[PDB]
file protein08.cif (mmCIF, C-alpha atoms and all ligand atoms)
data_query
#
loop_
_atom_site.group_PDB
_atom_site.id
_atom_site.type_symbol
_atom_site.label_atom_id
_atom_site.label_comp_id
_atom_site.auth_asym_id
_atom_site.auth_seq_id
_atom_site.Cartn_x
_atom_site.Cartn_y
_atom_site.Cartn_z
ATOM 1 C CA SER U 887 -23.608 -24.252 -19.774
ATOM 2 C CA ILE U 888 -24.088 -25.227 -23.421
ATOM 3 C CA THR U 889 -22.985 -21.599 -23.602
ATOM 4 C CA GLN U 890 -19.620 -20.721 -21.982
ATOM 5 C CA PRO U 891 -19.033 -18.158 -19.174
ATOM 6 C CA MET U 892 -17.970 -14.683 -20.316
ATOM 7 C CA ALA U 893 -14.975 -15.033 -17.959
ATOM 8 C CA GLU U 894 -13.655 -17.792 -20.203
ATOM 9 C CA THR U 895 -13.713 -15.495 -23.275
ATOM 10 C CA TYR U 896 -12.428 -12.199 -21.909
ATOM 11 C CA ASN U 897 -9.082 -11.392 -20.289
ATOM 12 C CA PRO U 898 -8.786 -8.159 -18.263
ATOM 13 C CA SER U 899 -5.537 -6.357 -17.350
ATOM 14 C CA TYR U 900 -4.355 -3.019 -16.090
ATOM 15 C CA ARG U 901 -1.254 -1.085 -17.113
ATOM 16 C CA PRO U 902 1.718 -1.002 -14.699
ATOM 17 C CA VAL U 903 1.600 2.385 -13.005
ATOM 18 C CA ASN U 904 4.226 4.357 -11.145
ATOM 19 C CA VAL U 905 2.851 6.935 -8.799
ATOM 20 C CA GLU U 906 4.819 9.280 -6.570
ATOM 21 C CA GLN U 907 3.969 9.338 -2.902
ATOM 22 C CA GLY U 908 1.746 12.356 -2.326
ATOM 23 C CA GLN U 909 0.541 12.503 -5.958
ATOM 24 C CA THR U 910 -2.510 11.096 -7.727
ATOM 25 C CA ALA U 911 -2.565 8.636 -10.625
ATOM 26 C CA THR U 912 -5.197 6.631 -12.476
ATOM 27 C CA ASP U 913 -5.348 3.326 -14.308
ATOM 28 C CA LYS U 914 -8.033 1.680 -16.402
ATOM 29 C CA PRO U 915 -8.609 -1.865 -17.595
ATOM 30 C CA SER U 916 -8.204 -3.320 -21.072
ATOM 31 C CA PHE U 917 -9.456 -6.652 -22.346
ATOM 32 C CA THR U 918 -8.273 -9.281 -24.804
ATOM 33 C CA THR U 919 -9.688 -12.434 -26.336
ATOM 34 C CA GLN U 920 -7.950 -15.789 -25.985
ATOM 35 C CA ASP U 921 -5.438 -14.664 -28.705
ATOM 36 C CA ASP U 922 -4.481 -11.245 -27.291
ATOM 37 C CA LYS U 923 -6.881 -9.623 -29.798
ATOM 38 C CA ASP U 924 -8.302 -6.418 -28.265
ATOM 39 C CA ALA U 925 -11.791 -6.979 -26.919
ATOM 40 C CA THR U 926 -14.761 -4.916 -25.742
ATOM 41 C CA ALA U 927 -15.999 -6.317 -22.422
ATOM 42 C CA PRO U 928 -19.742 -7.080 -22.289
ATOM 43 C CA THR U 929 -21.838 -4.022 -21.684
ATOM 44 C CA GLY U 930 -22.741 -3.842 -17.982
ATOM 45 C CA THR U 931 -19.586 -5.523 -16.710
ATOM 46 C CA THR U 932 -18.842 -4.248 -13.206
ATOM 47 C CA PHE U 933 -15.636 -3.825 -11.201
ATOM 48 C CA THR U 934 -14.928 -3.823 -7.450
ATOM 49 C CA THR U 935 -11.776 -3.934 -5.340
ATOM 50 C CA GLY U 936 -11.113 -6.936 -3.150
ATOM 51 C CA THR U 937 -10.987 -6.679 0.632
ATOM 52 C CA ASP U 938 -7.166 -6.645 0.750
ATOM 53 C CA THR U 939 -6.910 -3.383 -1.229
ATOM 54 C CA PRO U 940 -4.562 -0.584 -0.144
ATOM 55 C CA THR U 941 -6.762 2.134 1.310
ATOM 56 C CA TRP U 942 -5.570 4.755 -1.192
ATOM 57 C CA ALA U 943 -6.977 2.866 -4.208
ATOM 58 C CA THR U 944 -10.554 3.783 -5.199
ATOM 59 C CA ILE U 945 -12.505 2.302 -8.074
ATOM 60 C CA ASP U 946 -15.294 3.414 -10.338
ATOM 61 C CA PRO U 947 -17.430 0.228 -10.483
ATOM 62 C CA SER U 948 -19.020 1.272 -13.782
ATOM 63 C CA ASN U 949 -15.831 1.091 -15.838
ATOM 64 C CA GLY U 950 -13.027 -0.197 -13.578
ATOM 65 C CA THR U 951 -11.045 3.057 -13.518
ATOM 66 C CA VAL U 952 -8.880 3.158 -10.399
ATOM 67 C CA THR U 953 -7.629 6.336 -8.704
ATOM 68 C CA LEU U 954 -4.486 6.055 -6.593
ATOM 69 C CA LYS U 955 -3.503 8.526 -3.852
ATOM 70 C CA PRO U 956 -0.589 6.911 -1.967
ATOM 71 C CA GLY U 957 0.831 6.326 0.493
ATOM 72 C CA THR U 958 3.883 4.365 1.511
ATOM 73 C CA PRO U 959 6.372 3.545 -1.260
ATOM 74 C CA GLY U 960 6.465 -0.050 -2.392
ATOM 75 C CA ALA U 961 4.912 -2.500 -4.822
ATOM 76 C CA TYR U 962 1.215 -3.280 -4.647
ATOM 77 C CA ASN U 963 -1.245 -5.457 -6.489
ATOM 78 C CA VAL U 964 -4.687 -3.907 -6.042
ATOM 79 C CA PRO U 965 -7.155 -6.816 -6.278
ATOM 80 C CA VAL U 966 -10.003 -6.241 -8.734
ATOM 81 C CA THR U 967 -12.934 -8.516 -9.297
ATOM 82 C CA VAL U 968 -14.538 -8.235 -12.713
ATOM 83 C CA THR U 969 -18.195 -9.361 -12.728
ATOM 84 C CA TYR U 970 -19.630 -10.041 -16.168
ATOM 85 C CA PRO U 971 -23.366 -9.759 -16.831
ATOM 86 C CA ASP U 972 -23.737 -13.579 -16.776
ATOM 87 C CA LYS U 973 -22.382 -13.480 -13.202
ATOM 88 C CA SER U 974 -19.091 -15.145 -14.163
ATOM 89 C CA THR U 975 -16.041 -13.428 -12.643
ATOM 90 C CA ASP U 976 -12.381 -12.705 -13.403
ATOM 91 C CA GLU U 977 -9.775 -11.705 -10.843
ATOM 92 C CA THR U 978 -7.129 -9.197 -11.950
ATOM 93 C CA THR U 979 -4.756 -6.663 -10.441
ATOM 94 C CA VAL U 980 -3.811 -3.030 -10.658
ATOM 95 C CA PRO U 981 0.022 -3.234 -10.494
ATOM 96 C CA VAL U 982 1.263 -0.164 -8.706
ATOM 97 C CA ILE U 983 4.794 0.974 -7.904
ATOM 98 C CA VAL U 984 4.722 3.867 -5.400
ATOM 99 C CA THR U 985 7.977 5.896 -5.422
ATOM 100 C CA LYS U 986 9.251 8.348 -2.842
ATOM 101 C CA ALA U 987 9.300 12.067 -3.790
HETATM 102 NA NA NA R 1 -11.046 -14.402 -18.131
#
call {"tool": "encode", "arguments": {"input": "protein08.cif", "output": "structure tokens"}}
result
Amino acid sequence: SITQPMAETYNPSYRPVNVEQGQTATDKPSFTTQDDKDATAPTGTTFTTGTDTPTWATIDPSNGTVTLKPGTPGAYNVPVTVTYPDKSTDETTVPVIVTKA
């Protein structure tokens, strides 16, 4: 705590994703610094979905890539917890718009 948490330094986000009902899509996270400079998250950062996730969103905890296999049309924020190697955490979202075929 003379050093600062990694969660202060890094800012995760996901791309907005449309996915058609009955189709598959993917989304992956990107990071910025506190100036919206592109950043490489610390090596060993992990990713999990929160408990309120839609059941058709699966995550690869090694890199945060999210596979989406909906599901009822609508708008959904998939909750993702980013755990940095220093055990600090960010919360972010996978913003998904599911459209009808
Ligand atoms: Na952060």
call {"tool": "residues_around", "arguments": {"input": "protein08.cif", "residues": "residue 898 (chain U)", "least_positions_apart": "3", "cutoff": "12 Å", "atoms": "all atoms listed in the file", "output": "PyMOL selection string"}}
result
chain U and resi 892-895+901+914-920+922-928+931-933+949-950+966-970+975-980
call {"tool": "closest_residue", "arguments": {"input": "protein08.cif", "among": "U:930, U:959, U:940, U:983", "to": "residue 971 (chain U)", "atoms": "all atoms listed in the file"}}
result
U:930
call {"tool": "atom_distance", "arguments": {"input": "protein08.cif", "atom1": "CA of residue 902 (chain U)", "atom2": "CA of residue 921 (chain U)"}}
result
20.8 Å
call {"tool": "resolve_selection", "arguments": {"input": "protein08.cif", "expression": "the PyMOL selection byres (((chain U and resi 955) around 7) and not hetatm)", "output": "number ranges by chain"}}
result
U: 908-911, 942-943, 953-954, 956-957
call {"tool": "axis_aligned_box", "arguments": {"input": "protein08.cif", "around": "region 957-969 of chain U", "padding_each_side": "4 Å", "output": "JSON"}}
result
{"center_x": -5.9, "center_y": -1.5, "center_z": -5.6, "size_x": 32.7, "size_y": 23.7, "size_z": 22.2}
call {"tool": "closest_residue", "arguments": {"input": "protein08.cif", "among": "U:951, U:929, U:937, U:887", "to": "residue 900 (chain U)", "atoms": "only C-alpha atoms"}}
result
U:951
call {"tool": "closest_residue", "arguments": {"input": "protein08.cif", "among": "U:974, U:981, U:947, U:964", "to": "ligand NA 1 (chain R)", "atoms": "only C-alpha atoms and all ligand atoms"}}
result
U:974
call {"tool": "atom_distance", "arguments": {"input": "protein08.cif", "atom1": "CA of residue 960 (chain U)", "atom2": "CA of residue 897 (chain U)"}}
result
26.3 Å
call {"tool": "closest_residue", "arguments": {"input": "protein08.cif", "among": "U:890, U:904, U:941, U:958", "to": "residue 973 (chain U)", "atoms": "only C-alpha atoms"}}
result
U:890
call {"tool": "atom_distance", "arguments": {"input": "protein08.cif", "atom1": "CA of residue 905 (chain U)", "atom2": "CA of residue 948 (chain U)"}}
result
23.1 Å
